[PDB]
Amino acid sequence: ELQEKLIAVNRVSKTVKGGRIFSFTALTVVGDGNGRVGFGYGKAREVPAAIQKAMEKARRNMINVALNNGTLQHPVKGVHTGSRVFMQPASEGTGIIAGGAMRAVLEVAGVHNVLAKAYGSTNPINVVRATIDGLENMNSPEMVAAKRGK
Amino acid sequence: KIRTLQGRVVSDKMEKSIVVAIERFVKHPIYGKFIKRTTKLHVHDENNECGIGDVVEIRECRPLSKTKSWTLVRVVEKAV
Amino acid sequence: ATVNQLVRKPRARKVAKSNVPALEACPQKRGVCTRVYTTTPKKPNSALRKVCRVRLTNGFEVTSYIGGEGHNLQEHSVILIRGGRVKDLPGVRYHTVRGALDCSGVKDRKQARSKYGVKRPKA
Amino acid sequence: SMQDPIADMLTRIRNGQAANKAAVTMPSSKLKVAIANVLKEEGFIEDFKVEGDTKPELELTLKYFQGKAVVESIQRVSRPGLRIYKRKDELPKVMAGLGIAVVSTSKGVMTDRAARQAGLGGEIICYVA
RNA sequence: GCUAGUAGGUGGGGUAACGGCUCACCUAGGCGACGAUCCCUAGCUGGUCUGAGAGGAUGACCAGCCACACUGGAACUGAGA
RNA sequence: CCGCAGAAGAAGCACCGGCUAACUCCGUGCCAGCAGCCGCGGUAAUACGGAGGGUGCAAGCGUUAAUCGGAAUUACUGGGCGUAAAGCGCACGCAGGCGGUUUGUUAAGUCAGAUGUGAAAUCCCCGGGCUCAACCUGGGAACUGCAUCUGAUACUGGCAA
RNA sequence: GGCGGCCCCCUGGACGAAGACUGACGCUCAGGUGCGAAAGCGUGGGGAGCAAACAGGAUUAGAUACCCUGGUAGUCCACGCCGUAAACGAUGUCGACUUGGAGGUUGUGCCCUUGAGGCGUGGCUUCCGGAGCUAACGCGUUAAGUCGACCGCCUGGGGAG
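What counts, and at which threshold
- Entry numbering is not used for residues: they are numbered from 1 along each chain in the order the sequence is written, which may differ from it, and residues without coordinates are omitted.
- Following the order in which they are written, the chains are lettered starting with A and the ligands numbered starting with 1.
- Note that the displayed chains come from a larger assembly and that each value is computed for the displayed part only.
- Hydrogens and water are ignored here; the side-chain numbers use all heavy atoms of the structure.
- Strands pair, by our definition, only if DSSP identifies at least two bridges between them.
- A run of H or I in DSSP counts as a helix once it spans at least four residues, and a run of E counts as a strand once it spans at least two, with each numbered from the N terminus.
- For every domain, the bounds stem from an assignment made automatically or drawn from a database.
- Residues count as neighbours in contact if any of their non-hydrogen atoms are within 4.5 Å of one another.
- Salt bridges are defined by distance alone: a side-chain nitrogen of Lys or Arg within 4 Å of a carboxyl oxygen of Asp or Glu.
- Buried area, as used here, totals the accessible surface that two parts lose on assembly, with accessibility defined by a 1.4 Å probe and the loss added over both.
- Pairs of N or O atoms are called polar contacts if they sit within 3.5 Å, as long as, within protein, a hydrogen donor faces a hydrogen acceptor (for residues adjacent in sequence, only side-chain-to-side-chain pairs).
- Note on residue classes: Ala, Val, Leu, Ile, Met, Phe, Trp, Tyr, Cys and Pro are nonpolar, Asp, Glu, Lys and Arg are charged, and everything else, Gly too, is polar.
- For this description, a residue counts as near a given molecule or strand if any of its non-hydrogen atoms is within 4 Å of it.

Method of determination, as annotated in the archive: cryo-EM, at 9.0 Å resolution.

Spelled out as structure tokens, the structure:
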């Protein structure tokens, strides 16, 4: 009962010699209801085929986000060129008011409580490529204990 | 209950008066450094012993003539 | 791709371009119609649309349009002024709202409802 | 580093604890082995050694978990001449309530958390977490 | 680029009370680039059209100031103009 | 309020692209017209201009003179300096900002509080009283500073060495 | 910036050192103090060889021209108001930074100096090494990742130099 969504595409079609040339791309995400989320990209000759090549790529294992229980405990660095980025937790009862430009990165696993919209760039490819690499760099509730003792 | 200012001996003209002008210690809400702007400490001197190089302590008394209220106490800092 | 060539005419069709010169106070006004003009040969075949000038301390002279229907828009009248330069017209920079005073405009045109202010037909 | 006494502590330890080292060494100073005393109690380090008691030095044992710094998110805000002072009710509350920061008040250096429990105000040395 | 009773002493005075607040005299002293001259355009404040808010902005609810009510400058009379 | 007497006696504006929102049947030739960012009309004009249906909301609908919105911006409280704009070939000294760093030391600023101010409509929260929404209010509160003092010693400034 | 012959005098900066003696006399700067590539003003001239201008014959769709002999100024400049542009780490003051090794170089401690430099060490320069940082070219500790004292400059189109 896994979860599957897209977020972006290019109009990618140009003048050449010569008439017109065309191509077809995607950027997609997947998730498991036990706090697991993932992403990737595809290309094809056909549009619903550039979605499939993407979503088969997003199915790679899906990172377990530190979610205890309806919210999360630390804003991980989504480091990028100038995006910046930092999420803002909310106190376990109020909803996923985050950037619909990328929100499917947190929505596909069910996560009820987190916000922040897209603080330094209104291009999804930028706040996507940033978010997933902060989510792999995280720490469990159990790790931060060791980080501050033994 | 005297206010005791830190007066540097900076000017003399008259026989039984001097001016010991330092910075005005009544602050306002500004940047984050000291209150560095002067005030006109006319002192009724009588003994001249603080001369030229000292730091005096001064106290609140009657302006018997134009703005010259203060009187002397002692040497806070010795002649240089 | 070459900006001092591109900037003029790319792709938009409402466009910004307008030129709206002077200010001195506000652009709306009362408009002493100062003198009435009926002339100036052009390719837009501009009959009956009798523009006027306006004595306003602005630094240079200024002129204003008939706004809409109503033949007797007379040069002694002092109806109201607003901005909006229709592409039909050189020299002008504002159009009237000409319904006050003795001016009429809207004689019997039932469709005006709130647009200019009219009462209902035999409904 | 004499333009900003004691800042070269926090900089040198964040380079230190990224640079794959178990260790980072310097001379001691009026407030730095104080900061070391908090970190060993807050266990964000393994240990420190005050070495050479007649005129000592300052040696910290860095917590090289995963080969990334335990302090990678730190921020030294307060700076020379232009201090930053905050009441008992203004004091930091950081990462949604997980904590921590380090302050200076009338009872030493301590954390935000320790300064709150005391009922104190003070200088804002570093948001740690 | 600014000081004239202005700046300091001298002493007369007299203010409910400070003083170049000021007469007269001995005398040239006061300030300035750690803003001395001189002015822009402003009613100001608790409050708030708008609240993470930090800024854009408004004096005009109630008074609190004025300041008047013809242009008024002013003394009289009245505890109180 | 209680009996009779009738659904009686009470509703419309923007309109209708796409913006939060529902569309065709046609007209006139960038005619005449909206002109806010857009977008529209160059003989098949979705809102221009006539009409037919229904829509957004119901004493309410469009819209206006402007300024900030969203948008982040004169930033002690909030910053970019390869970029818009962006370390200005060049530094004799005169004022200025930063002056080494620790012991013995101080408490003026730093902080904690004692007591006072901010009588009354707050903003923030609860409890009511009119039939009651309003409205009319009662209660609790929180007002960086300022005063006048009991403390506490890590910073800001110092004194001694 | 800016010369190249070697040298008389005045002898910029050096800056490698046994030491000696006082204790921050210290950093870094606006308006200023000087210097100041291209250029005007020059006042009298020093007046090669080339070549903008100067003079022509030529190849001419008009050459208002390049040649090609002739051709000055520029060559430099005693003296001196010189702002100044293209002198971009698109970028100043710098202290710690001690996984580092790899060259170009250079004053130099130590060797049976058997040696084409072996054991080393500071400087003036470059090669290009992690954890981070992280668009794509990748940049990877003195460097943009932390961290700091301002003397700035940074007010968006067109207003403009």
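Still more to cover.
Draft legend 1. Region of interest: the sheet that holds strand β4 (residues 80–83) of chain C. Residues and elements named next belong to chain C. One open sheet holds the five strands; their spatial order is β1-β4-β5-β3-β2, and the pairing between them is mixed. With partners counted over all chains shown, the strands left at the sheet margins are β1 (29–30) and β2 (52–53), one partner each. Relative to strand β5 (residues 94–97), strand β3 (residues 63–65) is paired through two bridges, and the arrangement is parallel. Residue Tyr65 lies in a different strand from β5, and its bridge partner there is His95.

Draft legend 2. Molecular detail of the pairing of β5(C). Taken together, the four bridges between β4(C) and β5(C) define a ladder with antiparallel strand orientation. Residue pairing across strands places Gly83(C) opposite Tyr94(C), the latter belonging to β5(C).

Draft legend 3. Expanded view of the domain arrangement of chain D. Residue and element names in this part refer to chain D. Taken domain by domain, chain D consists of domain 1 (5–69) and domain 2 (74–128). Computed over C-alpha atoms, the centres of domain 1 and domain 2 are 20 Å apart. Facing the 10 residues of domain 1 at the interface are 10 residues of domain 2. For the pair domain 1 and domain 2, the interface holds one salt bridge.

Draft legend 4. Representation of the interface of chain D and chain A. Counting from both sides, the interface comprises 15 residues of chain D and, opposite them, 13 residues of chain A. Summed over both sides, the interface between chain D and chain A buries roughly 1,100 Å², with carbon and sulfur atoms accounting for 52% of that surface. When residues of chain D are sorted by the area they lose upon contact with chain A, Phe65(D), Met95(D) and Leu98(D) head the list and together hold 36% of the total. Linking chain D with chain A are three salt bridges, by the criterion used here. The interface formed by chain D and chain A holds six residue pairs in polar contact in total. Broken down by class, the residue content of the side of chain D that touches chain A amounts to seven nonpolar, two polar and six charged.

Draft legend 5. Representation of the protein's contact with RNA strand F in the model. With respect to spatial proximity, 53 residues lie near RNA strand F, and among them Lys33(B), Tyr65(C), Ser114(C), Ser29(D) and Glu123(D) are the closest. Sugar and phosphate atoms represent 76% of those atoms of RNA strand F found within 4 Å of the protein. Within the side chain of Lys110(C), an N or O atom sits 3.1 Å from a phosphate oxygen of RNA strand F. Between RNA strand F and the protein, one listed contact pairs a sugar or linking oxygen with a side-chain N or O atom of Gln3(D) at 2.8 Å. The set of elements that each furnish at least two residues to the surface near RNA strand F consists of α2 (113–117) of chain C together with β5 (101–105) and β7 (122–127) of chain D. When residues of the surface near RNA strand F are assigned to their parent elements, the largest contribution, three residues, is made by α2(C). Split into classes, the residues belonging to the surface near RNA strand F amount to 17 nonpolar, 14 polar and 22 charged.

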